[PDB]
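Enquirer: Pasting coords09.pdb here (PDB, C-alpha atoms and all ligand atoms):
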ATOM      1  CA  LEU A 498    -195.841 -17.414-161.812  1.00  0.00           C
ATOM      2  CA  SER A 499    -196.646 -14.186-159.959  1.00  0.00           C
ATOM      3  CA  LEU A 500    -200.424 -14.024-159.543  1.00  0.00           C
ATOM      4  CA  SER A 501    -203.019 -11.807-157.869  1.00  0.00           C
ATOM      5  CA  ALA A 502    -204.617 -12.367-154.471  1.00  0.00           C
ATOM      6  CA  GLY A 503    -206.221 -10.531-151.575  1.00  0.00           C
ATOM      7  CA  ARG A 504    -209.646  -9.130-150.771  1.00  0.00           C
ATOM      8  CA  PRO A 505    -209.402  -6.310-153.380  1.00  0.00           C
ATOM      9  CA  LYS A 506    -207.219  -8.530-155.630  1.00  0.00           C
ATOM     10  CA  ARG A 507    -203.951  -6.641-155.420  1.00  0.00           C
ATOM     11  CA  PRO A 508    -201.302  -7.677-157.969  1.00  0.00           C
ATOM     12  CA  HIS A 509    -198.091  -9.562-157.199  1.00  0.00           C
ATOM     13  CA  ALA A 510    -199.348 -11.037-153.926  1.00  0.00           C
ATOM     14  CA  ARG A 511    -198.864 -14.783-154.545  1.00  0.00           C
ATOM     15  CA  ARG A 512    -195.830 -16.284-156.268  1.00  0.00           C
ATOM     16  CA  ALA A 513    -196.468 -19.803-157.542  1.00  0.00           C
ATOM     17  CA  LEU A 514    -194.480 -22.576-159.200  1.00  0.00           C
ATOM     18  CA  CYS A 515    -197.283 -24.744-160.623  1.00  0.00           C
ATOM     19  CA  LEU A 516    -200.422 -23.517-162.370  1.00  0.00           C
ATOM     20  CA  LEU A 517    -203.693 -24.950-161.057  1.00  0.00           C
ATOM     21  CA  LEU A 518    -206.109 -25.590-163.933  1.00  0.00           C
ATOM     22  CA  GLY A 519    -208.964 -27.272-162.084  1.00  0.00           C
ATOM     23  CA  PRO A 520    -212.460 -26.009-161.275  1.00  0.00           C
ATOM     24  CA  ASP A 521    -211.917 -23.221-158.730  1.00  0.00           C
ATOM     25  CA  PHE A 522    -213.235 -19.766-157.907  1.00  0.00           C
ATOM     26  CA  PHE A 523    -211.802 -16.425-156.829  1.00  0.00           C
ATOM     27  CA  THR A 524    -213.679 -13.591-155.141  1.00  0.00           C
ATOM     28  CA  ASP A 525    -213.273  -9.844-155.653  1.00  0.00           C
ATOM     29  CA  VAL A 526    -214.828  -6.728-154.134  1.00  0.00           C
ATOM     30  CA  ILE A 527    -216.133  -4.444-156.890  1.00  0.00           C
ATOM     31  CA  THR A 528    -217.204  -0.853-156.231  1.00  0.00           C
ATOM     32  CA  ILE A 529    -219.645   0.476-158.836  1.00  0.00           C
ATOM     33  CA  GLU A 530    -222.054   3.372-159.301  1.00  0.00           C
ATOM     34  CA  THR A 531    -225.624   3.428-160.587  1.00  0.00           C
ATOM     35  CA  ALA A 532    -227.375   5.813-162.978  1.00  0.00           C
ATOM     36  CA  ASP A 533    -228.718   7.589-159.871  1.00  0.00           C
ATOM     37  CA  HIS A 534    -225.125   8.105-158.627  1.00  0.00           C
ATOM     38  CA  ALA A 535    -225.519   5.766-155.650  1.00  0.00           C
ATOM     39  CA  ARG A 536    -222.174   4.259-154.643  1.00  0.00           C
ATOM     40  CA  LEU A 537    -222.417   0.582-153.711  1.00  0.00           C
ATOM     41  CA  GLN A 538    -219.779  -2.148-153.488  1.00  0.00           C
ATOM     42  CA  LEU A 539    -220.170  -5.778-154.539  1.00  0.00           C
ATOM     43  CA  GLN A 540    -218.761  -9.176-153.602  1.00  0.00           C
ATOM     44  CA  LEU A 541    -218.648 -11.633-156.502  1.00  0.00           C
ATOM     45  CA  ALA A 542    -217.358 -15.166-157.028  1.00  0.00           C
ATOM     46  CA  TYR A 543    -216.105 -16.370-160.413  1.00  0.00           C
ATOM     47  CA  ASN A 544    -216.232 -20.118-161.071  1.00  0.00           C
ATOM     48  CA  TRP A 545    -213.381 -20.818-163.488  1.00  0.00           C
ATOM     49  CA  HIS A 546    -211.440 -23.649-165.096  1.00  0.00           C
TER      50      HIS A 546
ATOM     51  CA  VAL B 349    -153.856 -52.813-168.537  1.00  0.00           C
ATOM     52  CA  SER B 350    -151.304 -50.051-169.128  1.00  0.00           C
ATOM     53  CA  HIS B 351    -151.198 -46.664-167.412  1.00  0.00           C
ATOM     54  CA  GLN B 352    -149.159 -43.548-168.104  1.00  0.00           C
ATOM     55  CA  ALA B 353    -147.229 -41.539-165.516  1.00  0.00           C
ATOM     56  CA  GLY B 354    -150.213 -39.334-164.639  1.00  0.00           C
ATOM     57  CA  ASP B 355    -153.189 -41.570-165.357  1.00  0.00           C
ATOM     58  CA  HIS B 356    -155.841 -41.735-162.652  1.00  0.00           C
ATOM     59  CA  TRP B 357    -158.142 -44.729-162.396  1.00  0.00           C
ATOM     60  CA  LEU B 358    -160.617 -46.188-159.921  1.00  0.00           C
ATOM     61  CA  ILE B 359    -160.291 -49.516-158.105  1.00  0.00           C
ATOM     62  CA  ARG B 360    -163.665 -50.923-157.053  1.00  0.00           C
ATOM     63  CA  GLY B 361    -165.363 -54.154-156.085  1.00  0.00           C
ATOM     64  CA  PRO B 362    -165.022 -56.920-153.514  1.00  0.00           C
ATOM     65  CA  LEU B 363    -161.255 -57.388-153.463  1.00  0.00           C
ATOM     66  CA  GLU B 364    -158.132 -56.889-151.370  1.00  0.00           C
ATOM     67  CA  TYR B 365    -155.758 -54.252-152.738  1.00  0.00           C
ATOM     68  CA  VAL B 366    -152.133 -53.618-151.767  1.00  0.00           C
ATOM     69  CA  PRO B 367    -150.612 -50.378-153.124  1.00  0.00           C
ATOM     70  CA  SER B 368    -147.769 -50.850-155.578  1.00  0.00           C
ATOM     71  CA  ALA B 369    -144.459 -49.004-155.491  1.00  0.00           C
ATOM     72  CA  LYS B 370    -145.389 -46.926-158.558  1.00  0.00           C
ATOM     73  CA  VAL B 371    -149.020 -46.315-157.491  1.00  0.00           C
ATOM     74  CA  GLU B 372    -150.141 -43.589-155.076  1.00  0.00           C
ATOM     75  CA  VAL B 373    -153.573 -43.706-153.445  1.00  0.00           C
ATOM     76  CA  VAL B 374    -155.457 -40.425-153.897  1.00  0.00           C
ATOM     77  CA  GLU B 375    -158.908 -40.916-152.392  1.00  0.00           C
ATOM     78  CA  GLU B 376    -161.309 -43.539-151.064  1.00  0.00           C
ATOM     79  CA  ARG B 377    -164.756 -43.505-152.671  1.00  0.00           C
ATOM     80  CA  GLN B 378    -168.146 -44.672-151.416  1.00  0.00           C
ATOM     81  CA  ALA B 379    -171.124 -45.362-153.660  1.00  0.00           C
ATOM     82  CA  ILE B 380    -174.094 -43.002-153.319  1.00  0.00           C
ATOM     83  CA  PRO B 381    -177.348 -44.914-152.641  1.00  0.00           C
ATOM     84  CA  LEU B 382    -180.026 -43.462-154.926  1.00  0.00           C
ATOM     85  CA  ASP B 383    -183.652 -44.544-155.095  1.00  0.00           C
ATOM     86  CA  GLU B 384    -185.474 -44.517-158.415  1.00  0.00           C
ATOM     87  CA  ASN B 385    -186.498 -40.989-159.469  1.00  0.00           C
ATOM     88  CA  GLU B 386    -183.534 -39.657-157.470  1.00  0.00           C
ATOM     89  CA  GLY B 387    -180.171 -38.544-158.762  1.00  0.00           C
ATOM     90  CA  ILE B 388    -177.088 -36.349-158.607  1.00  0.00           C
ATOM     91  CA  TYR B 389    -175.329 -33.880-160.908  1.00  0.00           C
ATOM     92  CA  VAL B 390    -171.913 -35.217-161.934  1.00  0.00           C
ATOM     93  CA  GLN B 391    -169.471 -33.140-163.982  1.00  0.00           C
ATOM     94  CA  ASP B 392    -167.001 -35.019-166.180  1.00  0.00           C
ATOM     95  CA  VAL B 393    -164.096 -32.641-165.528  1.00  0.00           C
ATOM     96  CA  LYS B 394    -162.086 -34.145-168.398  1.00  0.00           C
ATOM     97  CA  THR B 395    -164.624 -32.742-170.883  1.00  0.00           C
ATOM     98  CA  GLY B 396    -166.799 -30.602-168.593  1.00  0.00           C
ATOM     99  CA  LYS B 397    -170.117 -32.171-169.644  1.00  0.00           C
TER     100      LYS B 397
ATOM    101  CA  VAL C 398    -159.709 -12.194-178.493  1.00  0.00           C
ATOM    102  CA  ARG C 399    -162.412 -14.845-178.905  1.00  0.00           C
ATOM    103  CA  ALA C 400    -164.765 -16.985-176.817  1.00  0.00           C
ATOM    104  CA  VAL C 401    -164.243 -20.740-176.449  1.00  0.00           C
ATOM    105  CA  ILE C 402    -167.459 -22.488-175.404  1.00  0.00           C
ATOM    106  CA  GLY C 403    -168.122 -26.168-174.768  1.00  0.00           C
ATOM    107  CA  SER C 404    -165.548 -28.732-173.672  1.00  0.00           C
ATOM    108  CA  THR C 405    -162.894 -28.106-171.043  1.00  0.00           C
ATOM    109  CA  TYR C 406    -160.067 -25.881-172.230  1.00  0.00           C
ATOM    110  CA  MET C 407    -156.367 -25.446-171.516  1.00  0.00           C
ATOM    111  CA  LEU C 408    -155.014 -22.014-172.431  1.00  0.00           C
ATOM    112  CA  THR C 409    -152.244 -22.761-174.922  1.00  0.00           C
ATOM    113  CA  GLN C 410    -149.046 -20.796-175.438  1.00  0.00           C
ATOM    114  CA  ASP C 411    -149.427 -17.096-176.274  1.00  0.00           C
ATOM    115  CA  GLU C 412    -152.928 -16.995-174.753  1.00  0.00           C
ATOM    116  CA  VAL C 413    -154.393 -15.240-171.711  1.00  0.00           C
ATOM    117  CA  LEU C 414    -157.810 -14.725-170.158  1.00  0.00           C
ATOM    118  CA  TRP C 415    -159.502 -11.564-171.442  1.00  0.00           C
ATOM    119  CA  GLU C 416    -161.893  -9.459-169.363  1.00  0.00           C
ATOM    120  CA  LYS C 417    -165.177  -8.258-170.879  1.00  0.00           C
ATOM    121  CA  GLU C 418    -166.326  -5.090-169.133  1.00  0.00           C
ATOM    122  CA  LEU C 419    -170.023  -4.270-169.284  1.00  0.00           C
ATOM    123  CA  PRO C 420    -171.817  -0.924-169.586  1.00  0.00           C
ATOM    124  CA  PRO C 421    -172.939   0.549-166.256  1.00  0.00           C
ATOM    125  CA  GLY C 422    -176.265  -0.878-165.141  1.00  0.00           C
ATOM    126  CA  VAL C 423    -176.055  -3.955-167.377  1.00  0.00           C
ATOM    127  CA  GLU C 424    -174.415  -5.954-164.581  1.00  0.00           C
ATOM    128  CA  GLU C 425    -177.241  -4.902-162.254  1.00  0.00           C
ATOM    129  CA  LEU C 426    -179.848  -6.139-164.733  1.00  0.00           C
ATOM    130  CA  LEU C 427    -177.939  -9.400-165.200  1.00  0.00           C
ATOM    131  CA  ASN C 428    -177.442 -10.275-161.529  1.00  0.00           C
ATOM    132  CA  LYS C 429    -180.438  -8.627-159.827  1.00  0.00           C
ATOM    133  CA  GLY C 430    -182.830  -9.631-162.602  1.00  0.00           C
ATOM    134  CA  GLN C 431    -182.945 -13.393-163.087  1.00  0.00           C
ATOM    135  CA  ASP C 432    -186.628 -13.506-164.101  1.00  0.00           C
ATOM    136  CA  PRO C 433    -188.233 -10.385-165.629  1.00  0.00           C
ATOM    137  CA  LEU C 434    -191.680 -11.891-164.997  1.00  0.00           C
ATOM    138  CA  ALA C 435    -190.656 -11.725-161.331  1.00  0.00           C
ATOM    139  CA  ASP C 436    -188.364  -8.687-161.608  1.00  0.00           C
ATOM    140  CA  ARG C 437    -191.062  -6.147-162.495  1.00  0.00           C
ATOM    141  CA  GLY C 438    -193.356  -6.745-159.524  1.00  0.00           C
ATOM    142  CA  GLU C 439    -191.969  -7.043-156.002  1.00  0.00           C
TER     143      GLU C 439
ATOM    144  CA  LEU D 449    -197.487 -37.376-129.304  1.00  0.00           C
ATOM    145  CA  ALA D 450    -195.224 -40.397-129.700  1.00  0.00           C
ATOM    146  CA  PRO D 451    -193.084 -39.949-132.840  1.00  0.00           C
ATOM    147  CA  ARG D 452    -193.905 -42.335-135.664  1.00  0.00           C
ATOM    148  CA  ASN D 453    -191.476 -44.917-137.018  1.00  0.00           C
ATOM    149  CA  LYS D 454    -190.363 -43.419-140.331  1.00  0.00           C
ATOM    150  CA  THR D 455    -189.255 -46.868-141.533  1.00  0.00           C
ATOM    151  CA  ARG D 456    -192.743 -48.349-141.081  1.00  0.00           C
ATOM    152  CA  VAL D 457    -195.212 -48.498-143.955  1.00  0.00           C
ATOM    153  CA  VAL D 458    -197.564 -45.536-143.606  1.00  0.00           C
ATOM    154  CA  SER D 459    -201.175 -46.710-143.440  1.00  0.00           C
ATOM    155  CA  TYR D 460    -204.615 -45.141-143.099  1.00  0.00           C
ATOM    156  CA  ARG D 461    -208.082 -46.576-142.444  1.00  0.00           C
ATOM    157  CA  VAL D 462    -210.668 -44.929-144.697  1.00  0.00           C
ATOM    158  CA  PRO D 463    -214.034 -44.740-142.877  1.00  0.00           C
ATOM    159  CA  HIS D 464    -217.365 -45.913-144.207  1.00  0.00           C
ATOM    160  CA  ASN D 465    -218.777 -43.663-146.938  1.00  0.00           C
ATOM    161  CA  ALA D 466    -215.400 -42.062-147.611  1.00  0.00           C
ATOM    162  CA  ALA D 467    -212.622 -42.045-150.190  1.00  0.00           C
ATOM    163  CA  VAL D 468    -208.978 -41.036-150.562  1.00  0.00           C
ATOM    164  CA  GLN D 469    -206.799 -40.070-153.517  1.00  0.00           C
ATOM    165  CA  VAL D 470    -203.178 -41.230-153.725  1.00  0.00           C
ATOM    166  CA  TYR D 471    -200.743 -40.911-156.635  1.00  0.00           C
ATOM    167  CA  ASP D 472    -197.722 -43.191-157.045  1.00  0.00           C
ATOM    168  CA  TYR D 473    -195.184 -40.597-158.186  1.00  0.00           C
ATOM    169  CA  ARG D 474    -192.679 -43.326-159.110  1.00  0.00           C
ATOM    170  CA  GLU D 475    -194.851 -45.765-161.073  1.00  0.00           C
ATOM    171  CA  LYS D 476    -197.005 -42.875-162.396  1.00  0.00           C
ATOM    172  CA  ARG D 477    -200.405 -44.275-161.436  1.00  0.00           C
ATOM    173  CA  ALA D 478    -203.262 -42.693-159.487  1.00  0.00           C
ATOM    174  CA  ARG D 479    -206.069 -44.469-157.666  1.00  0.00           C
ATOM    175  CA  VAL D 480    -209.117 -43.635-155.558  1.00  0.00           C
ATOM    176  CA  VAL D 481    -209.829 -46.066-152.713  1.00  0.00           C
ATOM    177  CA  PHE D 482    -213.431 -46.331-151.537  1.00  0.00           C
ATOM    178  CA  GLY D 483    -215.289 -47.709-148.552  1.00  0.00           C
ATOM    179  CA  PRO D 484    -213.918 -48.835-145.194  1.00  0.00           C
ATOM    180  CA  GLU D 485    -210.729 -50.146-146.797  1.00  0.00           C
ATOM    181  CA  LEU D 486    -207.266 -49.625-145.323  1.00  0.00           C
ATOM    182  CA  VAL D 487    -204.838 -47.616-147.465  1.00  0.00           C
ATOM    183  CA  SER D 488    -201.078 -48.143-147.204  1.00  0.00           C
ATOM    184  CA  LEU D 489    -198.718 -45.707-148.911  1.00  0.00           C
ATOM    185  CA  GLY D 490    -196.000 -47.005-151.178  1.00  0.00           C
ATOM    186  CA  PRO D 491    -192.421 -45.736-150.932  1.00  0.00           C
ATOM    187  CA  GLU D 492    -193.283 -42.758-153.164  1.00  0.00           C
ATOM    188  CA  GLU D 493    -197.063 -42.306-152.888  1.00  0.00           C
ATOM    189  CA  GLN D 494    -198.718 -39.339-151.176  1.00  0.00           C
ATOM    190  CA  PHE D 495    -202.081 -38.382-149.711  1.00  0.00           C
ATOM    191  CA  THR D 496    -204.274 -35.795-151.436  1.00  0.00           C
ATOM    192  CA  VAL D 497    -204.891 -33.393-148.552  1.00  0.00           C
TER     193      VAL D 497
HETATM  194  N1  LIG E   1    -215.132 -25.683-156.445  1.00  0.00           N
HETATM  195  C1  LIG E   1    -214.807 -24.814-155.490  1.00  0.00           C
HETATM  196  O1  LIG E   1    -215.653 -24.183-154.878  1.00  0.00           O
HETATM  197  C2  LIG E   1    -213.357 -24.608-155.165  1.00  0.00           C
HETATM  198  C3  LIG E   1    -212.387 -25.353-155.817  1.00  0.00           C
HETATM  199  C4  LIG E   1    -211.056 -25.141-155.493  1.00  0.00           C
HETATM  200  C5  LIG E   1    -210.731 -24.186-154.536  1.00  0.00           C
HETATM  201  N2  LIG E   1    -211.684 -23.480-153.917  1.00  0.00           N
HETATM  202  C6  LIG E   1    -211.309 -22.486-152.902  1.00  0.00           C
HETATM  203  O2  LIG E   1    -212.049 -21.265-152.988  1.00  0.00           O
HETATM  204  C7  LIG E   1    -211.243 -20.258-152.372  1.00  0.00           C
HETATM  205  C8  LIG E   1    -211.599 -18.844-152.813  1.00  0.00           C
HETATM  206  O3  LIG E   1    -210.870 -17.955-151.969  1.00  0.00           O
HETATM  207  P1  LIG E   1    -210.428 -16.490-152.461  1.00  0.00           P
HETATM  208  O4  LIG E   1    -210.447 -16.464-153.967  1.00  0.00           O
HETATM  209  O5  LIG E   1    -211.198 -15.459-151.668  1.00  0.00           O
HETATM  210  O6  LIG E   1    -208.894 -16.466-151.981  1.00  0.00           O
HETATM  211  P2  LIG E   1    -207.792 -15.720-152.882  1.00  0.00           P
HETATM  212  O7  LIG E   1    -208.413 -14.483-153.480  1.00  0.00           O
HETATM  213  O8  LIG E   1    -206.510 -15.628-152.087  1.00  0.00           O
HETATM  214  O9  LIG E   1    -207.587 -16.816-154.042  1.00  0.00           O
HETATM  215  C9  LIG E   1    -206.809 -16.538-155.201  1.00  0.00           C
HETATM  216  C10 LIG E   1    -207.287 -17.432-156.337  1.00  0.00           C
HETATM  217  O10 LIG E   1    -206.164 -17.868-157.104  1.00  0.00           O
HETATM  218  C11 LIG E   1    -206.248 -19.267-157.376  1.00  0.00           C
HETATM  219  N3  LIG E   1    -204.912 -19.893-157.220  1.00  0.00           N
HETATM  220  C12 LIG E   1    -204.215 -19.986-156.074  1.00  0.00           C
HETATM  221  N4  LIG E   1    -203.030 -20.618-156.270  1.00  0.00           N
HETATM  222  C13 LIG E   1    -202.960 -20.943-157.575  1.00  0.00           C
HETATM  223  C14 LIG E   1    -201.983 -21.624-158.454  1.00  0.00           C
HETATM  224  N5  LIG E   1    -200.811 -22.096-157.963  1.00  0.00           N
HETATM  225  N6  LIG E   1    -202.299 -21.760-159.760  1.00  0.00           N
HETATM  226  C15 LIG E   1    -203.459 -21.293-160.257  1.00  0.00           C
HETATM  227  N7  LIG E   1    -204.390 -20.669-159.519  1.00  0.00           N
HETATM  228  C16 LIG E   1    -204.204 -20.466-158.194  1.00  0.00           C
HETATM  229  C17 LIG E   1    -207.217 -19.860-156.370  1.00  0.00           C
HETATM  230  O11 LIG E   1    -208.104 -20.776-157.017  1.00  0.00           O
HETATM  231  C18 LIG E   1    -207.993 -18.679-155.824  1.00  0.00           C
HETATM  232  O12 LIG E   1    -209.336 -18.714-156.312  1.00  0.00           O
HETATM  233  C19 LIG E   1    -209.806 -20.616-152.714  1.00  0.00           C
HETATM  234  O13 LIG E   1    -208.944 -20.346-151.604  1.00  0.00           O
HETATM  235  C20 LIG E   1    -209.840 -22.100-153.017  1.00  0.00           C
HETATM  236  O14 LIG E   1    -209.067 -22.820-152.053  1.00  0.00           O
HETATM  237  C21 LIG E   1    -212.975 -23.672-154.212  1.00  0.00           C
END
Would you mind giving the structure from this file in structure tokens?
Expert:
Amino acid sequence: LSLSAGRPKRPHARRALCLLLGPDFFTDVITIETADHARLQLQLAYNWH
Amino acid sequence: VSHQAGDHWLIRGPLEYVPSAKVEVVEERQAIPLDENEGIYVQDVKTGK
Amino acid sequence: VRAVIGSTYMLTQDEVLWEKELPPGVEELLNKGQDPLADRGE
Amino acid sequence: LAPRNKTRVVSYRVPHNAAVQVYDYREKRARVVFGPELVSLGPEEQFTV
């Protein structure tokens, strides 16, 4: 399995042999814009299983 | 036990062996000590399996 | 010319090994690419 | 430090209010050991780091 990793979650950055299916979380840095056109970046964490 | 002019066979076990006039020794073999959940890949060259 | 697959084989009389040539670039995909899921991204 | 004896049974002393997870990869059986007990690995078990 070739997965994604890194601070901006670049693709093909972590080759793996076994798939982990337990409660985990990954974090990404999301850059978004508001209705007032103010540019602001986020840092989220996604609890997954 | 009967053998043809090209038949190979293996002599094993606790015993004393003296080569015969019509028998040529090809190779000495040693058993491979394998724990449970361990193994080797053996190819039966007669059939290839 | 045919393909014999399975048990061990002895080429009988009036038989010889035949070469199968491949189109250019097919050999590269066969040897370089062992896993397309890993071949695309590197 | 001093190298360990690989032929000796690997053992660990779980502290008070602590637990370890070990899986016997040969016999296919997991267990969680609690309390101040002493945990000794089998020939095929491992520690959940
Ligand atoms: N409950 C929890 O909070 C919990 C549980 C497990 C792990 N974690 C840790 O949280 C950290 C989050 O760090 P990050 O996301 O910034 O680092 P990252 O972006 O490098 O992590 C990539 C993500 O891919 C997942 N992953 C890695 N190897 C995997 C595999 N073989 N199969 C399936 N999924 C795999 C990981 O869970 C991780 O969240 C992880 O490094 C992980 O060790 C937290």
Enquirer: Once the PyMOL selection byres (((chain D and resi 457) around 12) and not hetatm) has been evaluated on this model, what residues remain selected, and can you format them as an NGL selection string?
Expert: :D and (452-456 or 458-460 or 487-493)
Enquirer: Within 9 Å of stretch 507-516 of chain A, counting all atoms listed in the file, which residues show up once you throw out same-chain ones fewer than 2 positions away? Write them as a compact mmCIF listing (two decimals) with C-alpha atoms, keeping the file's coordinate frame, please.
Expert:
# COMPACT_ATOMS: atom_id res chain seq x y z
CA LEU A 498 -195.84 -17.41 -161.81
CA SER A 499 -196.65 -14.19 -159.96
CA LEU A 500 -200.42 -14.02 -159.54
CA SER A 501 -203.02 -11.81 -157.87
CA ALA A 502 -204.62 -12.37 -154.47
CA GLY A 503 -206.22 -10.53 -151.57
CA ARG A 504 -209.65 -9.13 -150.77
CA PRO A 505 -209.40 -6.31 -153.38
CA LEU A 518 -206.11 -25.59 -163.93
CA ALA C 435 -190.66 -11.72 -161.33
CA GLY C 438 -193.36 -6.74 -159.52
CA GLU C 439 -191.97 -7.04 -156.00
Enquirer: As a check of understanding, name the residues that the ChimeraX specification (/B :<10) & /C selects in the supplied structure, as a PyMOL selection string.
Expert: chain C and resi 403-406
Enquirer: Between atom CA of residue A:522 and atom CA of residue D:494, what is the distance, to one decimal in Å?
Expert: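 Distance reported for this atom pair: 25.3 Å.
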Enquirer: On this file, the PyMOL selection byres (((chain D and resi 495) around 8) and not hetatm) gives some set of residues; write that set as an NGL selection string.
Expert: :D and (468-471 or 493-494 or 496-497)
Enquirer: Once 8 Å is added on each side, what are the centre and the three edge lengths, in Å to one decimal, of the axis-aligned box enclosing the listed atoms of ligand LIG 1 (chain E)? Present them as lines of an AutoDock Vina configuration file.
Expert:
center_x = -208.2
center_y = -20.1
center_z = -155.9
size_x = 30.8
size_y = 27.2
size_z = 24.7
Enquirer: Residues of chain B that have any atom at most 12 Å from an atom of chain D: could you tabulate them with the shortest-distance atom pair and the distance in Å to one decimal, using all atoms listed in the file, ordered by chain and increasing number, as a tab-separated table?
Expert:
residue	atom	partner	partner_atom	distance
B:383	CA	D:491	CA	9.8
B:384	CA	D:474	CA	7.3
B:385	CA	D:474	CA	6.6
B:386	CA	D:474	CA	10.0
Enquirer: Fewer than 3 positions away in the same chain doesn't count, so skip those; otherwise give me all residues within 10 Å of stretch 359-369 of chain B, counting only C-alpha atoms, as a PyMOL selection string.
Expert: chain B and resi 372-373+376-379
Enquirer: What's the separation between atom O4 of ligand LIG 1 (chain E) and atom CA of residue D:479, in Å to one decimal place?
Expert: 28.6 Å
Enquirer: Report, in Å with one decimal, the straight-line distance from atom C12 of ligand LIG 1 (chain E) to atom CA of residue A:546.
Expert: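 Between atom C12 of ligand LIG 1 (chain E) and atom CA of residue A:546 the gap is 12.1 Å.
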Enquirer: Using only C-alpha atoms, determine which residues lie at most 12 Å from residue C:399, disregarding the query and same-chain residues fewer than 6 positions distant; provide the list as a PyMOL selection string.
Expert: chain C and resi 412-417
Enquirer: Can you sort out stretch 364-380 of chain B so it carries N, CA and C atoms, written as a PDB file, in the frame of the given file?
Expert:
ATOM      1  N   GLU B 364    -159.179 -57.397-152.242  1.00  0.00           N
ATOM      2  CA  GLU B 364    -158.132 -56.889-151.370  1.00  0.00           C
ATOM      3  C   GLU B 364    -157.046 -56.263-152.229  1.00  0.00           C
ATOM      4  N   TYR B 365    -156.719 -55.006-151.948  1.00  0.00           N
ATOM      5  CA  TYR B 365    -155.758 -54.252-152.738  1.00  0.00           C
ATOM      6  C   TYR B 365    -154.572 -53.863-151.869  1.00  0.00           C
ATOM      7  N   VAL B 366    -153.374 -54.066-152.394  1.00  0.00           N
ATOM      8  CA  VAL B 366    -152.133 -53.618-151.767  1.00  0.00           C
ATOM      9  C   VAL B 366    -151.478 -52.603-152.697  1.00  0.00           C
ATOM     10  N   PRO B 367    -151.199 -51.386-152.234  1.00  0.00           N
ATOM     11  CA  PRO B 367    -150.612 -50.378-153.124  1.00  0.00           C
ATOM     12  C   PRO B 367    -149.265 -50.823-153.663  1.00  0.00           C
ATOM     13  N   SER B 368    -149.041 -50.545-154.944  1.00  0.00           N
ATOM     14  CA  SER B 368    -147.769 -50.850-155.578  1.00  0.00           C
ATOM     15  C   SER B 368    -146.758 -49.745-155.295  1.00  0.00           C
ATOM     16  N   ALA B 369    -145.506 -49.999-155.683  1.00  0.00           N
ATOM     17  CA  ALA B 369    -144.459 -49.004-155.491  1.00  0.00           C
ATOM     18  C   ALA B 369    -144.665 -47.791-156.388  1.00  0.00           C
ATOM     19  N   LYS B 370    -145.190 -47.997-157.592  1.00  0.00           N
ATOM     20  CA  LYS B 370    -145.389 -46.926-158.558  1.00  0.00           C
ATOM     21  C   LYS B 370    -146.787 -46.324-158.508  1.00  0.00           C
ATOM     22  N   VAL B 371    -147.631 -46.756-157.574  1.00  0.00           N
ATOM     23  CA  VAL B 371    -149.020 -46.315-157.491  1.00  0.00           C
ATOM     24  C   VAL B 371    -149.219 -45.581-156.173  1.00  0.00           C
ATOM     25  N   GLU B 372    -149.815 -44.393-156.247  1.00  0.00           N
ATOM     26  CA  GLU B 372    -150.141 -43.589-155.076  1.00  0.00           C
ATOM     27  C   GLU B 372    -151.652 -43.501-154.926  1.00  0.00           C
ATOM     28  N   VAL B 373    -152.141 -43.748-153.715  1.00  0.00           N
ATOM     29  CA  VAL B 373    -153.573 -43.706-153.445  1.00  0.00           C
ATOM     30  C   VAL B 373    -153.992 -42.262-153.208  1.00  0.00           C
ATOM     31  N   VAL B 374    -154.988 -41.807-153.960  1.00  0.00           N
ATOM     32  CA  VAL B 374    -155.457 -40.425-153.897  1.00  0.00           C
ATOM     33  C   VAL B 374    -156.644 -40.273-152.959  1.00  0.00           C
ATOM     34  N   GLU B 375    -157.663 -41.116-153.116  1.00  0.00           N
ATOM     35  CA  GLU B 375    -158.908 -40.916-152.392  1.00  0.00           C
ATOM     36  C   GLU B 375    -159.677 -42.228-152.332  1.00  0.00           C
ATOM     37  N   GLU B 376    -160.378 -42.431-151.222  1.00  0.00           N
ATOM     38  CA  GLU B 376    -161.309 -43.539-151.064  1.00  0.00           C
ATOM     39  C   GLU B 376    -162.710 -43.062-151.421  1.00  0.00           C
ATOM     40  N   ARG B 377    -163.427 -43.862-152.203  1.00  0.00           N
ATOM     41  CA  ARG B 377    -164.756 -43.505-152.671  1.00  0.00           C
ATOM     42  C   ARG B 377    -165.801 -44.451-152.096  1.00  0.00           C
ATOM     43  N   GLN B 378    -166.986 -43.904-151.842  1.00  0.00           N
ATOM     44  CA  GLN B 378    -168.146 -44.672-151.416  1.00  0.00           C
ATOM     45  C   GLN B 378    -169.293 -44.422-152.383  1.00  0.00           C
ATOM     46  N   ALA B 379    -169.991 -45.492-152.756  1.00  0.00           N
ATOM     47  CA  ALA B 379    -171.124 -45.362-153.660  1.00  0.00           C
ATOM     48  C   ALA B 379    -172.240 -44.565-152.995  1.00  0.00           C
ATOM     49  N   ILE B 380    -173.003 -43.841-153.808  1.00  0.00           N
ATOM     50  CA  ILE B 380    -174.094 -43.002-153.319  1.00  0.00           C
ATOM     51  C   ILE B 380    -175.397 -43.768-153.527  1.00  0.00           C
TER      52      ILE B 380
END
